[PDB]
Structure formats: structure tokens, C-alpha cells
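Student: curious how this folds, go ahead:
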Amino acid sequence: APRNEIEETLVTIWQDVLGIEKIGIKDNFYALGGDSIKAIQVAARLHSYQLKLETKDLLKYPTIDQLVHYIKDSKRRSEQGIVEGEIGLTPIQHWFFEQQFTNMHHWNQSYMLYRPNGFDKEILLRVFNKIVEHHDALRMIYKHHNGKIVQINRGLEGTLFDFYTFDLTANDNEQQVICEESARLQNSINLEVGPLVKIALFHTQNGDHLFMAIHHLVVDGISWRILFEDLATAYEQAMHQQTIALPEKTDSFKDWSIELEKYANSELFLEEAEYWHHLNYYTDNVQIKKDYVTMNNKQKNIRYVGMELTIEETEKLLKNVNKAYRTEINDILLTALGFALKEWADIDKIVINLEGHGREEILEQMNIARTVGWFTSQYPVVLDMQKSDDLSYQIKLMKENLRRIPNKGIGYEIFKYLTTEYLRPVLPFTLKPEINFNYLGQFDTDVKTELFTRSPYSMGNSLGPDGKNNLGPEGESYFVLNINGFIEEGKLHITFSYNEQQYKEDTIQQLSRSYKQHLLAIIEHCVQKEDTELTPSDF
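Tutor: Numbers count the residues shown, from 1 in each chain. You can find the structure just below:
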């Protein structure tokens, strides 16, 4: 496509994705609050103009004036039709079934949106019809054959979502009723027959609240943003009596899984095994002390402590911190975690599980930037606290740590679950970190639209481990500390999820307060340091 046209297209897209009214072509993507997920959103939006962005290029060329040259014409179309057939499990799906959770049909994410002027339920039914047609993985079922799990993408058959309507206009205990009724949706998924999508519409005095629960096997944080965008688009089309029409599909979860399994056994990938040998040298097996001795920890006993930053502090973190060492947000949040764990438990070395969005550019001819599915990656990161005091050293060390492996560590569970046994490198696949870390990113641009906003009846973070009714209460917890971060209403929230039987709340409160203090110190340090890097350090 023409340069000047590509420039105008990028300006439009960046303004929409970053939520900024006017963006100039020399404005820096990350200074404007861009991040890894917003880069994927840009790629998704470009796909609809038949343009292609390699998201790694945004890091290298972070202004429109630079980046325009690296935007390419799409040289291929993804499946636009109804995807059907068996699909191989992807690594986090193998992880899921390996856990053999009690009542594993109850293991969901959820969200609730709010429209003061109400939703038209007949329109919503048409919209969700289109959504489950368009986003094929939502139609998945999971069967048993020869004792082995078989994942199948249904076509347009059976029921693809359940939809319930509740008139609460004469209730004055709306919050309680919403929790009770939505909990019954959350625990009613049947993985073998479907649907995996459960929707409730709550009519109240202050307007309508739209609750959605989706089994985690077919969704993730990026996917929810895609669904919110298409809900808003479809609803607006229908409410104005226009034909419902969504953006072109990117590559199917089916096609992705096929190519991923091939990648898992490719020589180019196997060659990366040496980058993982460092894990074999973590033998300290550091176990954190608990307040109480306990066994068989279940979700019903999980609680959390939360910290938050101010809007002003969060703006610094999102717009004026990464420029110091050319970091991404995980570099900063994990450097804080290291300091906090050292102060809190006198820990000098510990392994954590790091979650990521998993939408890495590992496959040439694939584009999953607008695909709904569970793409999350996870891998072990060893935090090493040596210096202290030399923040420059500790930040640069953590940056090096997270770049010691390719593609943000997506390869670890690919090796673990997909690579054929003979070819599999000898890594410590038995490693089970006690601490999980997941930063989910920014949502305000996704959830606060012209059509709807966040529901005041939402309790906590519904996309995290503490989301109310998300997880079967009798299911086993699998982390001692489950640390989740996200931006909501302009503020960073970090939550520390723990087992009530394992720790006193005060003990976790201590960790959380320490984490905030170290994070604020790191933010202030980085704000002071100017951007002077010439060339990168990424893997």
C-alpha cells in the first residue's frame, strides 16, 4: 500500500487503540502508553486493511514516521468460513487437563458490562449468534476417546451459548441476586456437549448488566478484548438496523494448533534448547515459609490482598518508566517482586511461574492477532537478588533474565507438551514454582465504550484467580501465591492470592505493602533516567 495512505491508517489505528484523540507521526508508541498487548491490537486492526505488522518492529521503530516503511501488504487470507474438526491441545491446554481439577468443567473467566439505558435482549441474541459463528473456538467441546481427551471445534450445531434474562426491577438486593444467579451459570458448563459460553442479562432500576462466563479452555485476556469490540460493533449495527458484519477472521485456533505442533518438532526450534539449560542449575528449590501447615488446598479457601497505585503513579509507570532501560512492564514488576520477596522472606533466589499472552511471532505464515482462544504461555523464571541499592544493576539484570530465552519463553511448554519425546530436550519439566505472576495489561479502552462500561455490581477482578465464582470451589489450588496485575480506571492494581489456611492476612499484607514501596522506588528511579540506548538487547 502507499506510504501516505499507510501513515493515515496507522494514525487512525493508534488513536483508537491508545485511546488518544490526536496522534502525530513522531509520537512515541510507548510514551503514549503502548505495550505488548496494544501492539497486538494494532496488528489486528491492520489485518482488516490487508496490512501486516510484525509486532517486534514496533519495538524497533516506535513512531509512525519510522514504522510506515515496515508495514507490508498481507500476502494471504485466513479461513473465513465455519471452522470444524479435531484440534490438537495447545501447551496450556495440556497443562490444564494434566491438573485433573475436581469439577474441571467449572474453570472459567467472566466479565460484566453495564448500560444505564439498557440492552435490547433481542438484539443481544442476534449479536451473540454472530459472535459464536465468527469466533470459532467458542464452539469447542471436549470428549473422551480411548481415555484420551479429544478437542473438537463444532460447526453451527446444538447450542453455542446459553442466555438467561432476569427481571430484578423489584429487587433491592441486586448485588446479591446477581452473584447468586451468575454463580449458577458459572457452574453449569458441560464440556462434552457445550455450550462453554453462559450469558445473563440483569434488568435493574439503574439499567442493565450483562454477565458473561466462558470456560478458560477457549478464552483469555486478549480474547475478551476482541469480544468486547465485536459486541460493541455488532450491537451498534443491529440497533441501527444495519447488517451485522465483523472484521475478517485472523487464523483459526485450529490452524494455529496444527502449525504449532509442527513448529514443536522443527529443527530451528529444537536448536533453542540450549537457551533453557540455565534452568537445570536451579537446585536450591527454595520453599517459602508458611504461617500454617496445611494439606489439600482448595479454591474455596483462596483469598487475596490488593495494592493499587494512584493515577499519577500509574501514568509514570505506563509512559515514562520503560524509556530508562528500554524495558517492558514485566521487567519492572518482577524487579519489584525480587526486592519484596527478599525483604519479606529473606529470599535471595527463587523460581516463579511467569505467565504471558503467548501470541509470539514464532510462526511465519500465521496471524492470530484477532483470534479468540486460550493462548497464554507460562515458564519458569529464576529471580536472583544480588546487589540491591544499585537499581541500575538490578533492573538491567532482570531485563537480561527475561531476554535470555527467545520469544518471551513460549518454547518451554512447547518442548514440555508438544515436542515428540525423543526430540525433547532434558529440562527440569518437573519444576513447580510456588509463585505465579501474571500481568493482564490495560482494559479501560476496551471496556469503557460508547455502548457500555464496567458494571458497579462487579466484585473484584473477574479475569483473575479471585474472580467471583470463576473456579470450582472444590478444585485444587496449585499456587501458594498467585500474583495478578492489571490497569483499571487509570490505576495499577496488583493482587496477591493465597490460601487462608496457609497464611494470616497480615502476613500477605506485609508482602503487598513491601511490594508497593519497592515498585514506587523503581518508578521514581526510572523516571529520572533518560532514554540513551542506541541498540537493543532483546533476544
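Student: and stretch 427-446, end to end?
Tutor: In stretch 427-446, first residue to last residue: 39 Å (CA to CA, to the nearest Å).
Student: how far does it sit from its chain's centre?
Tutor: 9 Å (CA atoms, centre = their mean, to the nearest Å).
Student: and the residue sitting furthest away from the middle of the chain, how far is that from residue 6?
Tutor: Distance from the centre of the chain peaks at residue 170, with 37.5 Å (CA atoms, centre = their mean). As for residue 170, its distance to residue 6 is 56 Å (criterion: CB to CB, to the nearest Å). For every residue, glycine as well, the C-beta is placed using N, CA and C.
Student: check residue 456 too.
Tutor: Taking CB to CB, one finds residue 456 at 42 Å from residue 6.
Student: same question, residue 35
Tutor: 22 Å.
Student: with residue 500 instead?
Tutor: 54 Å.
Student: quick one, which of these two is more surrounded?
Tutor: residue 6 (21 against 15; other CB atoms under 10 Å).
Student: tell me which helix or strand that one sits in.
Tutor: helix 3-18 (DSSP states H and E).
Student: which is the next helix or strand following that helix?
Tutor: helix 36-47.
Student: just want the most central residue of this protein.
Tutor: residue 221 (3.6 Å).
Student: got the contact list for it?
Tutor: 37, 357, 440, 441, 463 (CB atoms under 8 Å, 6 or more residues apart in numbering).
Student: can I get the residues you listed in CSV including neighbour count and secondary structure?
Tutor: Converted to CSV, the contacts of residue 221 look like this (neighbours: other CB atoms under 10 Å; DSSP: H, G, I helix; E, B strand; the rest coil):
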residue, neighbour count, secondary structure
37, 22, helix
357, 21, coil
440, 21, strand
441, 19, strand
463, 21, coil
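Student: which one of the residues you listed is nearest to residue 109?
Tutor: residue 463 (5.3 Å; CB to CB).
Student: how near is the closest one to residue 442?
Tutor: Between residue 463 and residue 442 the computed distance is 12 Å (CB to CB).
Student: report the set of residues contacting both of these two.
Tutor: Residues within reach of residue 463 and of residue 442 at once, by CB under 8 Å, 6+ apart, are residue 486.
Student: hmm, who's touching the biggest helix by length in the chain?
Tutor: Criterion DSSP state H: the longest helix present in the chain is helix 505-528. Here helix 505-528 makes contact (CB under 8 Å, 6+ apart) with 291, 303-307, 309, 313, 316-317, 320-325, 327, 332-333, 335-337, 339-341, 343-344, 391, 395, 481, 494, 496, 498.
Student: can I get it in CSV? Just the C-alpha atoms.
Tutor: Below are the C-alpha coordinates for helix 505-528, written out as CSV (Å, rounded to 0.1, in the frame of the first residue of the first chain):
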residue,chain,number,x,y,z
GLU,A,505,-3.9,-12.0,56.1
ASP,A,506,-1.5,-9.8,57.9
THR,A,507,1.4,-11.8,56.5
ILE,A,508,0.4,-11.2,52.9
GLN,A,509,-0.4,-7.6,53.7
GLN,A,510,3.2,-7.2,54.7
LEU,A,511,4.4,-8.6,51.3
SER,A,512,2.0,-6.4,49.5
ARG,A,513,3.0,-3.2,51.3
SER,A,514,6.7,-4.0,50.7
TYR,A,515,6.0,-4.7,47.0
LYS,A,516,4.3,-1.3,46.6
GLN,A,517,7.2,0.5,48.3
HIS,A,518,9.8,-1.1,46.1
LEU,A,519,7.7,-0.6,42.9
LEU,A,520,7.3,3.1,43.7
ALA,A,521,11.1,3.4,44.3
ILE,A,522,11.8,1.8,41.0
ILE,A,523,9.3,4.0,39.2
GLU,A,524,10.9,7.2,40.6
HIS,A,525,14.4,5.9,39.7
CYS,A,526,13.4,5.2,36.1
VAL,A,527,11.5,8.5,35.6
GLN,A,528,14.8,10.2,36.3
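Student: okay, buried residues for it please.
Tutor: The neighbour-count check on helix 505-528 (16 or more other CB atoms under 10 Å) flags 507-508, 511-512, 514-516, 518-520, 522-523, 525-527 as buried.
Student: before we move on, what about stretch 292-304?
Tutor: Buried-residue list, stretch 292-304, by 16+ other CB under 10 Å: 297, 298, 299, 302, 304.
Student: I figured the fourth one hits residue 497, correct?
Tutor: Yes: the pair formed by residue 302 and residue 497 meets the contact definition of CB atoms under 8 Å, at 5.6 Å.
Student: what sits in contact with each of those two?
Tutor: Common contacts of residue 302 and residue 497 (CB under 8 Å, 6+ apart): 465, 466, 482.
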